[PDB]
Structure formats: structure tokens, C-alpha cells
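Right, one structure below, let's go through it.
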Number of protein chains: 2
Amino acid sequence: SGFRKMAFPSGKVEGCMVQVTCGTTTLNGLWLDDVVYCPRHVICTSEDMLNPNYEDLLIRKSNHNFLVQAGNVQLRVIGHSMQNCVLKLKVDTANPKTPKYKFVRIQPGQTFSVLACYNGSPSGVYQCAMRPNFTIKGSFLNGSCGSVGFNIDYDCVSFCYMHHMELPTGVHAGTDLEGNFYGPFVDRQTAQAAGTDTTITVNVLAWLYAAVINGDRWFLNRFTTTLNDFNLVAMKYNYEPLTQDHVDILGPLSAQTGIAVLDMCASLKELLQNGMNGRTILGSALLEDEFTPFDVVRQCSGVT
Amino acid sequence: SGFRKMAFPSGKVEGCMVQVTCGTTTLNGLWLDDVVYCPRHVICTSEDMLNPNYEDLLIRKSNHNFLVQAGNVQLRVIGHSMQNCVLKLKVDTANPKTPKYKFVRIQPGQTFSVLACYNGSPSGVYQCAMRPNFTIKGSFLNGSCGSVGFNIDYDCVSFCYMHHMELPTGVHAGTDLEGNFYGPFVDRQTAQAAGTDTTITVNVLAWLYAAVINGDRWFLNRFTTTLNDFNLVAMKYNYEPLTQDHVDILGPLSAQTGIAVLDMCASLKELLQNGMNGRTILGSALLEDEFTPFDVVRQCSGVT
Ligand SMILES: O=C1[C@H](c2cccc(Cl)c2)CCCN1c1cncc2ccccc12
Ligand SMILES: O=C1[C@H](c2cccc(Cl)c2)CCCN1c1cncc2ccccc12
């Protein structure tokens, strides 16, 4: 029993973190095999962040200008190239701690663990979600760029995020491991619109299923609804429209609890229309949307 | 910017997790140097959990009855002994992955990271606090016993908790690494009273300071209070009484923000008396108490 905002164990990712310095800028890098991946703005000073021409700035940089340190040892840089918004620094030594890995571009609403890093050293791990507006509500200070987001399937690490930027709003933007930003964001210090952040409806329903499993049942009611009726309410509350794909994914949790997905939708509808009335669900006074249906089954079954 | 319920990186602890089996019972063990620490109820079947005589049960067990597996390799057990509620299994091989470590008995209100484990394999990491009633609101299923709680200071791991039990209430009880339970709990399957769970006032104030630092300021008011006046309100709301020691520890956050500790107390008093009125603080609709003043400074300064 108990339901926590749980992150994946970070050991496999810690063994990949390195420090990358170029000129006066220092950030984190990800060392997998003989390649170190990092945000391309490592070649930038604060001044050229206003309007950088990355290709022109990179021309002034040679292999020896990229200092890569793993713990206390220096890595020899034998190659450099820019792939979208990331630099790939080829080093002469394969990371002996490279786990089995994949690079994946996650979908909005999917969750992942972040290993926040400063100077190539890990400071903390937390779980978060890719918001529908392609931002992440992280916890990142200056120097945390190059910190990565990931998921683990038994022994395989699927890297899905690389931290690059903090918006003036305090939320975070970054890329997949091929250097493509999630959302419309550019690696420029300019005013950028994040967009309307809607609630991940399928995740809130999964979390309601987790609450029933863990004993919190006060919110279950005598009502049902339809997908279209529920969606009229979800629209009014800036909740993502629920589809049959979402209903299908909630299948296992619906079977585990014996509560039909549309009946759970009616409970959600009533919570949206009436509020929590001063009560809590799984120690929260708001509807939590950073647990996917897969996360709930995993945490409630103890997959290692 | 951003404030997350952040856990320590778990790599150092993952390298210590092993599986311990005795008879038909399997749980987790902690391998440090040539010793494996685990809950003493590993010698128990479900039947003798009702009223076990651990010393009599242990008499029927020899070194070869304790199977200790680290990954896929078996460890040879050359010694066994019971220290309070934990067993110490001496093995013939020192853990090559043993980090610098200490065993510490934490104080109620202190926080720590938990690496939940099943069959000696890590499944997830989350941050939690030792409640004033000596329980932890964890996320643990059957098989998670022997999972440990810890803190990290640069490279030293301070082990502070070993999971043993889930109370009928759904909360968790366990021991320090010398086998002494936190609180009044016994390792018996019997009805046990957890006690009144009060809110950790100094932690809520630290979290309010973190909110001001991260930009959420709506709750700051034009009022002040005294320690005695504040405590009259804290009593009414089952909040821990605030002392001058708590005020002194909030010193650095008070200096960082320029908000006197008693002025922040008045903001807290008003939030307790008036509620949140449908608003949030750091993405929460309730007052969060699982961040110590040390946690807030660390997360807001990026200590690795
Ligand atoms: O956002 C940035 C800068 C930036 C500006 C424009 C585009 C890009 Cl790609 C990056 C570069 C310096 C580091 N950085 C930061 C990244 N995360 C958290 C931060 C917390 C406080 C202060 C800066 C932070
Ligand atoms: O609580 C217990 C049992 C127990 C009973 C009485 C005293 C002691 Cl020391 C231990 C032993 C089996 C595992 N266990 C569990 C520990 N944590 C989470 C659990 C979630 C669901 C079911 C059992 C859980």
C-alpha cells in the first residue's frame, strides 16, 4: 500500500554523466559508448544567447576546445558534430559503464525520471511528465543543462529528454537525444510562448484507480457518463479530450478494481464540478496527472 | 526554478542490494563490506508472524539456510547473528561496490530517500519523512522488506531506515540499521497503534520559503506573530510546536528571502485559519511538510 511519485533507480544514468566545458561555459554531458551528447549552447557565452548562429560559432571551435571530464579523469575528444540542438563529441574511450540503451522521443502526457546534474555530478532524481504543451515542470538551476530524462525497462535505459532551457515562466524546455526540441521552443534567449497547459485526463483517471486500489474510495459515486458527455466537462476544465485509446489503456486498472472506465469518468466529472470539499486523495488536495496507466500498474505490482 | 519532491541519486545504494531467502521467505538485504543486513522476520513463515519467538526460531537456522544472491551470483554465508530486529549475515566476500557509509538513527521530521526493492532488485526511488508518530508514508508491497532509507553527503551514504512492516492503516514502520524500530512498533502481526500524526511545522515553513524563492508569493501578508501566539494556532491544527531551535534553522532561508521567520509564521497562521481558497503553492493544494530547511537550501543551491 501507499502511492508515491516514484522515480526509476538512477544508477545506470549516473555512470553516464560527465562535465563538458567549452570556453567559459560548463554543463553536463551524456557519455554512451564513445560519444558524449550535450546541449549545443555549451559553445555560447551569455552574450551570444540573445541571437546565436550556432553553425558560425561552432566554426571557431576545434576538438581540443571541448573539455570532457568523467569524475576526475579527462576524456580525449577526437571528433565533434552538431545534430539539431545537441553536440556529439566523439571521445577515444567507450564508457565502461554504458548500459543497454535506446533514444526515444516521448509523447505528451508520458512520464519520465530526471537525474538533475551539476558539473557532471548527480544531485537528485525526480519523476515528471511531458506536458501537453511540451514543457516539463522540473527543478533545474543554471548549470543543470545536459541533465537527462529517462525510463528503464528491466535493464534497458530509454533516454527521452535532455534539459536545455528555462522559460521566463519558470517551466522547462528541452530536447530528445537527437537534439530536437519538444514543442516550438528554440535555443535562443528570447520571449517564447509555452502554450495552454491542459490536464492529462487519462493519467488523472489512472491515479483515481490507484487511489481505489490503495483504499481511498470516498470519491466513487452512483453515476456513469459517456465519452462525449465527459468530454464536454473535460473541455470546460481544460482537461485533455478522452478517446477510446485512453479507455483501452485503462482496461487493466478497470479490471483490477471492477469499476468501469465510464463510471470512473463520472467520479472525475463530479470532482471537477464540485471540488474536493476539503478532502484529499492519496495525500493530495488536487487531481494528480503525472502517473500514466502503466506507472500505476508498475507501482502497484512492483516491477523491477 | 521549480521545486520537486527530489530524492538522492540511488546508484550507491543499488550496488548494495541483495536477495535474502530463508526457507520459503524472500526479502531484500543490504550488503556492506562482508555483512548482509536484513529484517529478522526473514526466518518467519506467515503462520509464526502472529506470535514469533525470534530467538527460538533462529535456533533452528544454520548458515546454509540463509541464501544470499547478489545479481546472479550466490554469496557464501559464514556467520549469522541477531541484533535487535535485524539479522547480520557474515559472508566470505566484501561487497566491491560498498560506498563510504554510516548508520544513523534519524529524528522525527527528518527526510530521506527510499530505494524500494523486490528480490534484491531496485524498482524505484522516492523521498519521504519520518513522521512525528515514527511511521513513514511509503509505497511498499509484500517482498519490499529490507528496502532501505538513506541520505547522501557528497560520497558518504548515511543509512537510516530498513523497511519491515505495513500497519493495517496502510502506513509503514521499520528500523534503523542497528535493528531498533522507529516508534513503538514490534515485528509481530498484531494490531498496533501508530499515534496522532502531526504536521512538521518547521518543514512547512521551509517549503513556504522555497515557494517565495521560486516565485509563488500570494500567501505573504502584512502581519507578524510571536512563537507563543503561533503555537496556540499550531496546537489547534495538530502542527508541531515551533521552538527557537526551529527558528534558528530557518535563519538562512529567512536571510535569503528577507522575510523574518515570525512574519512567515503569520503567513502560515493565516493559511491555516483561512485555507488556500482554491489556490496552490508550488503546485500543491495543501501545506507540504516533507522538505526540511536543509532540503530547501540544497535543492535551491544544487549541492551534488
Ligand atoms: O535557460 C538557460 C539558458 C538558456 C537561455 C536561452 C536558451 C537556452 Cl537553450 C538556454 C542558458 C543558461 C542556463 N539556462 C538554465 C537552464 N535551466 C534552468 C535554469 C535556471 C536558472 C537560470 C538558468 C537556467
Ligand atoms: O508487513 C508485512 C509483514 C509483517 C507483519 C507483521 C510484522 C512485520 Cl515486521 C512484518 C511480513 C510480510 C511483508 N509485510 C509487508 C511489508 N511492507 C508492505 C506490505 C504490503 C502488503 C503486504 C505486506 C507488506
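The values are calculated or read from the model by the stated rules, or taken from the named source; nothing here is a laboratory result. Cβ sites come from the backbone with ideal geometry, for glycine too, and all protein chains shown count toward neighbours.
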I'd like to know if segment B:73-91 contains one or more residues that are part of a loop (DSSP other than H, G, I, E, B), more than 14 Å from chain A (Cβ to nearest Cβ) and polar (S, T, N, Q).
yes
Out of everything in segment A:181-191 that is crowded, with 17+ Cβ neighbours inside 10 Å and either in a loop (DSSP other than H, G, I, E, B) or over 17 Å from the mean Cα position of the chain (by Cα) (or both), what residue ends up being nearest to ligand 2 (Cβ to nearest atom)?
A:182
Within the set of pairs 6 or more residues apart or between chains, which connect a residue that is at the interface with another protein chain (Cβ under 7 Å from one of its Cβ atoms) inside segment A:1-16 to a residue that is assigned to a helix (DSSP H, G or I) and polar (S, T, N, Q) with Cβ atoms less than 6 Å apart?
A:6/A:299
Quick one: count up the residues across segment B:269-304 that are surrounded by fewer than 21 Cβ atoms within 10 Å (Cβ to Cβ), farther than 27 Å from residue A:272 by Cβ, more than 8 Å from chain A (Cβ to nearest Cβ) and of a type in the set (A, V, I, L, M).
1
Taking segment A:141-154 and the residues there that are buried (at least 24 other Cβ atoms within 10 Å of the Cβ) and either closer than 18 Å to residue A:185 by Cα or without any contact (Cβ under 8 Å) to a residue 24 or more places away in the chain (or both), the one that is nearest to the chain's Cα centre (by Cα) would be A:149
Please work out which residue is nearest to residue A:144 (Cα to Cα), limiting yourself to segment A:78-94 and to residues that are free of Cβ contacts under 8 Å to residues at least 40 places away in the same chain and among the small types (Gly, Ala, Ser).
A:81
Would you point out the residue of segment A:117-148, among those that are more than 10 Å from chain B (Cβ to nearest Cβ) and under 12 Å from residue A:17 (Cα atoms), that is farthest from ligand 1 (Cβ to nearest atom)?
A:148
Mind counting the residues in segment A:70-107 that are under 14 Å from residue A:32 (Cα atoms) and polar (S, T, N, Q)?
3
Given the conditions (1) away from every other protein chain (no Cβ under 11 Å); (2) part of a strand (DSSP E or B); (3) under 30 Å from residue B:155 (Cα atoms), and given that residue A:173 satisfies all but one, which numbered condition is not satisfied?
(3)
How many of the residues in segment B:70-97 are under 21 Å from the mean Cα position of the chain (by Cα) and not hydrophobic (A, V, I, L, M, F, W, C)?
2
Being touching a strand residue (DSSP E or B) at 6+ places or on another chain (Cβ under 7 Å) and of a type in the set (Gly, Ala, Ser) is the filter here; which residues of segment A:43-102 pass it?
A:70, A:79, A:81
Please specify each residue of segment A:1-27 satisfying the condition of being in a loop (DSSP other than H, G, I, E, B) and either of a type in the set (D, E, K, R) or within 17 Å of the chain's Cα centre (by Cα) (or both).
A:4, A:5, A:6, A:8, A:9, A:10
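Is it the case, given these coordinates, that residue B:210 is within 16 Å of ligand 1 (Cβ to nearest atom), among the small types (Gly, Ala, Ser) and surrounded by 14 or more Cβ atoms within 10 Å (Cβ to Cβ)?
Yes: the conditions hold for residue B:210.
Could you tell me which residue of segment B:17-47 is farthest from the other protein chains (Cβ to nearest Cβ), considering only residues that are of a type in the set (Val, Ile, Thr) and within 15 Å of ligand 2 (Cβ to nearest atom)?
Going through the qualifying residues, I end up with B:43.
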Scope segment A:110-131; condition surrounded by 20 or more Cβ atoms within 10 Å (Cβ to Cβ) and either more than 16 Å from residue A:6 (Cα to Cα) or in the same structural domain as residue A:44 (by CATH) (or both); matching residues:
A:117, A:118, A:120, A:122, A:123, A:131
Is it true that residue A:176 is more than 13 Å from ligand 1 (Cβ to nearest atom) and over 20 Å from residue A:294 (Cα atoms)?
yes
Odd one out for residue B:97, checked against (1) in contact (Cβ under 8 Å) with a residue 40 or more places away in the chain; (2) part of a strand (DSSP E or B)
(2)
Considering residues of segment A:35-52 that are more than 10 Å from ligand 1 (Cβ to nearest atom) and touching a residue at least 40 places away in the same chain (Cβ under 8 Å) only, the residue farthest from residue A:190 (Cα to Cα)
A:35
Quick check, is residue B:63 more than 21 Å from residue B:174 (Cα to Cα) and surrounded by 11 or more Cβ atoms within 10 Å (Cβ to Cβ)?
yes
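Does residue A:190 fit the bill of being β-branched (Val, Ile, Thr) and within 23 Å of residue A:47 (Cβ to Cβ)?
Working: β-branched (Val, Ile, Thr): yes; within 23 Å of residue A:47 (Cβ to Cβ): yes.
Taking the combined requirement at face value, the residue satisfies it.
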Members of segment B:28-48 that are under 24 Å from the mean Cα position of the chain (by Cα) and either part of a helix (DSSP H, G or I) or at positive phi (or both):
B:33, B:40, B:41, B:42
Considering only segment B:116-163, state which residues are part of a strand (DSSP E or B), more than 16 Å from ligand 2 (Cβ to nearest atom) and either aromatic (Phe, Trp, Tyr) or touching a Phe, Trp or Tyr at 6+ places or on another chain (Cβ under 7 Å) (or both).
B:150, B:151, B:152, B:156, B:157, B:158, B:159, B:160
Of the candidates A:221, A:203, the one satisfying the condition of being farther than 30 Å from residue A:27 by Cβ, more than 16 Å from ligand 1 (Cβ to nearest atom) and not in a loop (DSSP other than H, G, I, E, B) is A:203
Which residue is surrounded by the fewest Cβ atoms within 10 Å (Cβ to Cβ), if the candidates are limited to segment B:155-167 and must be more than 10 Å from chain A (Cβ to nearest Cβ) and farther than 26 Å from residue A:123 by Cα?
B:165
For segment A:234-268: of the residues being of a type in the set (D, E, K, R) and over 24 Å from the mean Cα position of the chain (by Cα), which is surrounded by the fewest Cβ atoms within 10 Å (Cβ to Cβ)?
A:236
Those residues of segment A:237-282 which are without any contact (Cβ under 8 Å) to a residue 40 or more places away in the chain, in a helix (DSSP H, G or I) and either touching a helix residue (DSSP H, G or I) at 6+ places or on another chain (Cβ under 8 Å) or of a type in the set (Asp, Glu) (or both), in sequence order:
A:244, A:245, A:247, A:248, A:251, A:262, A:272
Quick one: is residue B:231 more than 24 Å from the chain's Cα centre (by Cα), in a helix (DSSP H, G or I), surrounded by 18 or more Cβ atoms within 10 Å (Cβ to Cβ) and in the same structural domain as residue B:274 (by CATH)?
yes
